Structures are given as C-alpha cells and as structure tokens.
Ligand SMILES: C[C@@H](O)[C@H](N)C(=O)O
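Encoded as structure tokens, the following chain is the form deposited without this ligand, with no partner shown.
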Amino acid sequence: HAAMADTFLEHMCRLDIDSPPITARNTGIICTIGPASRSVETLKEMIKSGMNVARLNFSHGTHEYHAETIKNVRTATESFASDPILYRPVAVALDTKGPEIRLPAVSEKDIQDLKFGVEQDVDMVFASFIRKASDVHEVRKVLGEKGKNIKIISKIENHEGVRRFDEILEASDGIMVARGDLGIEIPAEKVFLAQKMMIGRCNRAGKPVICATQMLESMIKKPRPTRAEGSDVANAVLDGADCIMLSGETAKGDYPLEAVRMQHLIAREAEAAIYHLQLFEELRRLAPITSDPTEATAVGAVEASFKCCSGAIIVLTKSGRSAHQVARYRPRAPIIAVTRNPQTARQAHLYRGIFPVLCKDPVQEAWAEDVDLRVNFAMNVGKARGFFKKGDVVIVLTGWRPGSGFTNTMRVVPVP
C-alpha cells in the first residue's frame, strides 16, 4: 500500500479508472415516495437497491392518503426482519408545505401536519423556507415534549436564509440545500457558490448537510443519465455532502429503480477519490483542545484506522452520540454502529459513513458478557456484507460502565 501524493495536483494526476472501489458506500440515499413507487412490491426493490430514507411531500394529498404510504414503507421494511444479520433500518421523513403562494414560520396547515407526524412516529422533519433562528424555535415548540427526539433539518431557499445562515445552523440539527427554489430567488449562476459555502460551514461544525433537487432529472424519461448529471452527483460527494436526494426521478418518473441504482454506483466511485491526507490534517488543526474523554478517543480511533488500513470501526451506542463523533473526522473505513434503540438506528442515516445495525438479542446477566455479544454480532454483519474477511484488522470502541456518555476505550483486533 503506497502513500498518498504530497500535493493536490499530484493526487489528481494519479486517479485511475482501473482500480475497483470498496464494497461499502458511505453517502446516504433519500427517495421521494409518490404514484410510481407507493406499492409494497416496488418499495421492496428500492430497499434492496440502496434506499435509506423515505421522504413524504405534504404539498399534496390528504392525511389519509399519507398514512397509507407510511404503512406500506413499514410493511416493506419488516419483510426483511426474519434474518437479523441482513436487516436494514429505513427512516421516514416528513416535508412540510411552508409559506407558499400558488408570512409566518408555521402556517395553520403546518401545525396539523407536524402534529400528525408525532402520532405516526416519524424520524425527522424537513422544515420549508427557514429565514431566521426564531423560525426553528417555533417548529421545536409545536412538536412539544412527545416529539423531542425528532430531528429538525432546515431548508435554505432564499436570500435571507443565506445571509443569516450561521444562526440558523446553531439552532438546527442539520441543513438541506434546496437548489430548485434557491435558483429562482438568487441568479442561477450563483447557486454553485451558495452550495459550497454551506457544505463547508456544516463540515466545520460537524453537522449533517443534504444536497437536493434536479440531480438526475433526465432519468424521468430515459433509462440513462446525461454526462452533466453524472458529474453533478460526484461533485456533491467530493465537496462533502452527507446525503443526496431524488425527487421527480422516484416519485413520478418511468425508471425509479434504475435511478436509485445509478446514485449507488456513482457515490461509491466518488468516495474512492477523496484526498484523505489533506482533509484529515485540516479537520484536526481546527479541532478544539477539550478535557472530554469521548472526543479524545474518537480522534485516536480515526488516526489508528489510517495507519493499519482497517476494514471498519465498530462502535456500541445508545443515543448515537459516540458514532457521530467518529463520523465528523471523515474516516475512509465504514463505521458500524451497534444499538438496541430502533429510533437511534433510523436517524444514523443522516451522517456520512455510519452503517447502523439493530441488535435484537436479550440483555445478558453479566455486563461484560453482553458487550462481547454485540461486538460479535457486528463482526458477522461485516462478514456477510463483504466489508472484510477472517484475518483482517478492525477498531472497536466501548465504554467502562453502562449508560450514555462513558465511551473511553479503543482496541485493535483481528477478525475471528
């Protein structure tokens, strides 16, 4: 294994089209559900193709039509639960209508929609047309105490949004760059600047950023994308997007499965071309000195994974927080997060590199025995999926006692 080039120009000159990527795919895929992909049979196919999140668009349709979509997604998802080693969690996301002309943060219709999403147990909310930090605080208040674990992703879609960006990011759980709407309010040749500014600031803060709208638009009518569309998805992944989103392509178009399969192939290839040497150097130089044990353990773990070219980082997590701390240093290796909390496993799709697995097994009596069981479970999953094989090296992160907030141990172990 040869070292990475010393300059950015030398790195580019060395890229190779005869060099197979690794089996894992770090970037998450979000699909809009609509007339062309509502059926249980089609949804089973989208799941096997690589869909992680199902977005429902509350611009159209009644509550009763939407509740029958949520039921089909869940049926499709549980059809795979028979074999715990190959089961994939799938999140559900609710997109609001917002202040729209066909004005206040949350309209009267949006109250009803948000309140409906707490009852149906969704994982995240995409709030349309956010202009200031007090709009996010309004949405957090309508979800109440019952929905205090639902994540809010703020949609940036006008000039005021871009100008007040830093205060919106401090209030939100994540950001969505909404290129369609944004490309009407500002001049279209400036959209690429707003996109890169916003991906840059979220990477620096360690928060999730989603790139949306018109990514594979020609695949509505034809089964292959144009040359421009292939380069637009790759460039979002190389700038640093956590997830990419399909709209029309999966909702209304003629080839929903081919579009999901195209995003899977491109993203995997772009991930092998990241210049990891310079990116990791910069995120370190920019990290605070702090007495927090969990932060010190995460940066240790990422640093060791580069030195031994490991096949994975295995993290045990209750709330997700330990896996989110490893993911902000952007390792090359996949992060396999093992959890017993089903909602923690659905939300972990928003962070780049986290591959979440749900442990079904009952708690053992001896606590050290319970810990070994979950580590062995994560080894079997990585073997079945082809992330590594017997005799390879993995990093394992754990804590010193039960409960959240005590991750402090990093081990380097051979795959049994």
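We number the residues from 1 along the sequence you see.
From this point on, the text means the form solved in complex with this ligand, which you will not see here.
**Student:** Is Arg88 a contact residue for this ligand in the deposited bound form, using a 4.5 Å heavy atom cut-off?
**Tutor:** Answer yes; at least one heavy atom of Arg88 falls within 4.5 Å of this ligand in the deposited bound form.
**Student:** Flag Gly34 as yes or no: does it have a non-hydrogen atom within 4.5 angstroms of any non-hydrogen atom of this ligand in the deposited bound form?
**Tutor:** No - in the deposited bound form, heavy atoms of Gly34 and this ligand never come within 4.5 Å of each other.
**Student:** So, in the deposited bound form, is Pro356 in contact with this ligand at a 4.5 angstroms heavy atom limit?
**Tutor:** The answer is yes: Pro356 has a heavy atom within 4.5 Å of this ligand.
**Student:** Any idea which of 38-46, 346-354, 376-384, 66-74 reaches within 4.5 Å of this ligand in the deposited bound form, heavy atoms considered?
**Tutor:** Selected range: 346-354.
**Student:** Mind listing which residues of 21-36 have a heavy atom within 4.5 Å of this ligand in the deposited bound form?
**Tutor:** Residues within 4.5 Å: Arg25, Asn26, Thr27, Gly28.
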